[PDB]
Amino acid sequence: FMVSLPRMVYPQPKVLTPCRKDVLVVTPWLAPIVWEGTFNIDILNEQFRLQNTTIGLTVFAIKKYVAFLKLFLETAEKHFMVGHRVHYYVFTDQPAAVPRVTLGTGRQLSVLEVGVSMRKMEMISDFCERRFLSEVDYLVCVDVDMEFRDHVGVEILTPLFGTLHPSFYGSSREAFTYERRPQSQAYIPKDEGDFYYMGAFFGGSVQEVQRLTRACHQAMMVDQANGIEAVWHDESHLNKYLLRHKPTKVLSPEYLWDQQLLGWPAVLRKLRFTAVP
């Protein structure tokens, strides 16, 4: 049950004026593609705050990657879901190397000690299943060697989302680096594929994320038993899953960018979450 929005004053959407004419803003299965200019964040914030939404954010920081936690978390505090309830889950082999980062109200951090390729998918689907269901409404799964530079908010939330890989959003599907060997569970032939999704940023409702990670983990175990490793590891499996189970939103490359490698093209009005140089 959803309570009514309050009265709000904002510009009228104009039916005969698109927000963005330079990019595709909806997929062929009617999922929004999230770009700056497509959403009114005030409306979305009202909708999600009225549901008292809690967002979990998972990150793995193993060995030297613990060094990236401080900037990751500090910039998440500035830019990720500000105003909403957030629960960070930091998976690490070095609990004592987790930096003590000051958190805003309504935000918490749990350190989860781990004991490689299948770790992420296995941990999200098997080890942490019950915990996430009780603690958060949505799960967002990202890599640690990153920083937030601009707003990443409730506009991303949906049952299941993937993110356009910044190196391939303008590429033809034959150029996508899908797994191409039919012997792998991640196989996608040359005439299939919507997009090349980035393994580093996906999410959705807890139920859908656990479904995805369970399916990918099972497929990875099948490949291991068959002596084959997909070309881009869990990213290859993520792509196969999202081909056959269409995401209900797709994030534009604003949400996963590498400025050193790709600059700042005109089509990107904001660079929100970026690789650390």
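Residue indices: 1-based, along the sequence shown.
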Exercise for review: Look at the stretch from residue 115 to residue 116 and count the residues of the deposited sequence that the entry does not model, then pick none, 1 to 3, 4 to 9, or 10 or more.
Suggested key: 4 to 9
Practice item. Decide which of the stretches 38-46 and 227-235 has the higher mean C-alpha B-factor, going by the entry. Key: 227-235
Exercise for review: Going by the average Cα B-factor in the PDB entry, point out whether 73-81 or 88-96 comes out higher.
Suggested key: 88-96
**Study point:** Per the PDB entry, maximal CA B factor within 137, 147, 194, 122
**Key:** 122
Practice item. Identify, among 27, 51, 58, 252, the residue whose C-alpha carries the highest B-factor in the deposited PDB entry. Key: 51
Practice item. Would you mind checking where the Cα B-factor of residue 165 ranks among the modelled residues of its chain, as the lowest, middle or highest third? Key: middle
Point to revise | Modelled-residue ranking by C-alpha temperature factor, third containing residue 143 | key: middle
Revision key, fill the gap. Residue 183: C-alpha B-factor third of its chain, per the entry, is the highest
Practice item. Rank-wise, by C-alpha B-factor, drop residue 65 into the lowest, middle or highest third of its chain. Key: highest
Check your understanding: Comparing residue 189 with the other modelled residues of its chain, is its CA B-factor in the lowest, middle or highest third?
Key -> highest
